[PDB]
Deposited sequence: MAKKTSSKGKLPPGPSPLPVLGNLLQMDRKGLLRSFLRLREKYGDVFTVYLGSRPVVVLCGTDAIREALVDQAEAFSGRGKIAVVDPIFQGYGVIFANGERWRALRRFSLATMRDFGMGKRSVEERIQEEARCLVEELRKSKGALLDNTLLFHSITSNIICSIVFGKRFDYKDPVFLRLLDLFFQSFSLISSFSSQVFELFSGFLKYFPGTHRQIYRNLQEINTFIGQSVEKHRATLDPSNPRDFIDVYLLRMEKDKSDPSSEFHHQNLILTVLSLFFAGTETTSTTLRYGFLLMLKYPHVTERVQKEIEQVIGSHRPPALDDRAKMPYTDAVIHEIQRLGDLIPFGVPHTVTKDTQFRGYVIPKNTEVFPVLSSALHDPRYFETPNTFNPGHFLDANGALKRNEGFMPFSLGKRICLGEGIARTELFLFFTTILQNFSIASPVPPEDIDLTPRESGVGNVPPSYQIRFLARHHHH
């Protein structure tokens, strides 16, 4: 017995009265001030253990990896996934799906070359605009999704493709709704609120419309399949289904196929797109940073050949900028919920099997032990005296352990290549003066959404 300390819950409302009106994160952080780095809060009738500060998150996700390798539910999307797909699977199912998903993408065209192709495509599209004002939200969604579309469907979509844009539109307005205050209220009281209209029904329709698109893509694949030459993620999955016909315990069937594909879209598009969008807002607010990036781009890569992934090792400052963008961006602030896979002894407290655990990544990315000024943009957080890249234990935007972001490599490959290839060909400007640029996110929840802004991409001759 004895859970981490916490405020006295009510039978139904849990700790509702102890919460902050600003959000779940702001509630989590306010309770840390009173109860410390590891506490219990009751979101409704269920208890969750919240983990604050670098040291405590590492003590759980790294030191007791297996115990904290369990995935928790998110109320607004569970109806879609229902424990199927790689993100929300558990036990043997997750282990199977994740291993497959790693091994599949770990090896036609490499993921690096696909990203380079999208980079080239983006630069060509940005030249068209001829240095006019634009909101980069749409294009940043397109490129990120086009990487996943390349991995999954075995091709990419033109930026002004209407069906692509329509399904992109609805898929992305889903993240806006997921990160809303209303959806956070739904997290606590889904048991009652599910029978009533709300954001959750819209998120339901939007994700089902994509599941439907995936479903029929799977069928186009099943019908154009060449076993000798699997073109993408789906083909490899389908061939795996054939190999596991006789095995009754195989997880490689329809529901897992559909929802793993969505999972790769659901996870591998938005935050990447948002990180890039936040990136350029900071790059507008700090032209001198941008200038030493482009200076480093010039020195290492040139202005002729496109940037490649082995240039990163030779570009510590740009790498430090990217790290710092990711750190300050803080796109998944209270992380994605884990559960303990068994009864777990932790920091003198005992966490009962299947209890939900919240690794607050914001409290780690803003840890004053590891960063001088946690609230100020400073690529220097990741630079030593020699101007070399410097690992920082507080840096965990992809979380840690067995559940670490399955697509870390891909993300950082996207981030690097997109940032460098854009800034190689383009200098940036905005009608808003640097010192007048606001960084406060438009929405804050399980995802942070940076405010929308106008930007110029001016070709460099």
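Unmodelled regions of the deposited sequence, numbered from residue 1: 1-8, 116-119, 474-476.
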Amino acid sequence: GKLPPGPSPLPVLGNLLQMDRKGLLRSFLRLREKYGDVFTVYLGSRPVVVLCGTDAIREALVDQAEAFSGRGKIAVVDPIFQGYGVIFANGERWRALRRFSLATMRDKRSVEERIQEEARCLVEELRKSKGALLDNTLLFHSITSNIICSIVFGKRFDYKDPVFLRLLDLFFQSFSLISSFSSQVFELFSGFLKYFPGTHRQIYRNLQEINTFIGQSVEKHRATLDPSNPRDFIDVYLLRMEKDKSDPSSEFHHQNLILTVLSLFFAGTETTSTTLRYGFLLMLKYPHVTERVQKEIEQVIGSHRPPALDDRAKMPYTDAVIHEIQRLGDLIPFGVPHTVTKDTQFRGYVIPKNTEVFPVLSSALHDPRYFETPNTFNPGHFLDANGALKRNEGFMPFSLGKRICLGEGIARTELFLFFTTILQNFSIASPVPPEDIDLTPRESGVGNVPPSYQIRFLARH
From here on, numbers count along this sequence of modelled residues.
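By rigid core we mean the largest C-alpha set that fits within 1.5 Å across both forms.
Averaged as a root mean square over residues and superposed structures in 6 other deposited structures of this protein, CA distances to the shown form are larger in 163-171; the pair compared was 163-171 and 376-384 with a core fit. Root-mean-square C-alpha deviation from the shown form, taken over all structures in 6 other deposited structures of this protein superposed by the rigid core, is larger for 154-162 than for the alternative among 154-162 and 362-370. Of the other compared PDB entries of this protein that include residues on both sides, all give residue 20 atoms, none of them, and so not a third, leaving it without.
Residue 438, present in the displayed chain, carries coordinates in each of the other PDB entries compared that cover both sides of it, far from a third leaving it out.
When the C-alpha B-factors of 328-336 and 215-223 are averaged, 215-223 comes out higher. Here 80-88 and 245-253 are compared by their mean Cα B-factor, and 245-253 comes out higher. Annotation for 419, 68, 395, 35: 35 ranks highest, by Cα B-factor. When the C-alpha B factors of 424, 399, 45, 54 are read from the deposited coordinates, the top value falls at 45.
When the modelled residues of the chain are ordered by C-alpha B-factor, residue 413 sits in the lowest third.
For residue 380, the recorded CA B-factor ranks within the lowest third of the chain. Only modelled residues enter the ranking. In this PDB entry, the Cα temperature factor of residue 41 sits in the top third of its chain's modelled residues, the highest group. In the deposited entry, the Cα temperature factor of residue 60 places it in the middle third of its chain's modelled residues. For residue 149, the recorded CA B-factor ranks within the lowest third of the chain. Only modelled residues enter the ranking.
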